[PDB]
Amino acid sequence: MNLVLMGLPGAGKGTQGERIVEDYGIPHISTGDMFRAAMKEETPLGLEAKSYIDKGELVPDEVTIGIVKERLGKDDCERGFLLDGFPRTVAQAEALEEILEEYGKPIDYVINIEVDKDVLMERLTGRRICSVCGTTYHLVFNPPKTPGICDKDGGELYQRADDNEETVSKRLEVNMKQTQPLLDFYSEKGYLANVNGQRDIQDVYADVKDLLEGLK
């Protein structure tokens, strides 16, 4: 079960990915999360990626592909994986092809979580994240039972540094110009799957589960 999750900033990759990993146990591989984990620890990778991430721009291809290649090689990817936020440039997709060809692990589906760009600003500025677990909530659409704290572990919720109007706008701008080419790339490959991301969380996942049940 080799999957790729794509979508514009705030479309819900993390939210949906959380379900997939729960029902199938494949590693959730989010480049955004990997970069931020590096930033917190202050690794050389983190400091280099930080400059781009803080501005809402894409981190350069070479270093991004590099850390992904290493990750997909781990033992825990034996039964499949869930790539989140990678690739997000045609170059990255082409590179992933080579990488997976060497690993003998072809992509089963590239799942595009389609959400109108017009409602993504609201989704991001209203997002709050668990400082302990990473799971996300939304002040309006998916609020925590007790404001400011995670339902699961009681950890404090925070607002990502790049989740403000200006940076969100840049993020939408940057990724929108990469969107159609990626869709065309995988549409040609023959395994692009479009999912309506503008509905209730569990209803979005139902559409995702339909595809996954054919991958055991």
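One-based numbering along the sequence shown.
- Higher average CA B factor: 183-191, of the stretches 29-37 and 183-191.
- The PDB entry records a higher mean C-alpha B factor for 110-118 than for its counterpart among 125-133 and 110-118.
- Sorting 58, 47, 150, 65 by the CA temperature factor given in the entry leaves 47 at the top.
- In the deposited entry, the Cα temperature factor of residue 160 places it in the lowest third of its chain's modelled residues.
- Residue 85: CA B factor lies in the lowest third for its chain, per the PDB record.
- The entry lists a Cα temperature factor for residue 54 that places it in the lowest third of the chain's modelled residues.
- Ranked within its chain, residue 11 lands in the lowest third, by CA B factor from the PDB record.
- When the modelled residues of the chain are ordered by C-alpha B-factor, residue 170 sits in the lowest third.
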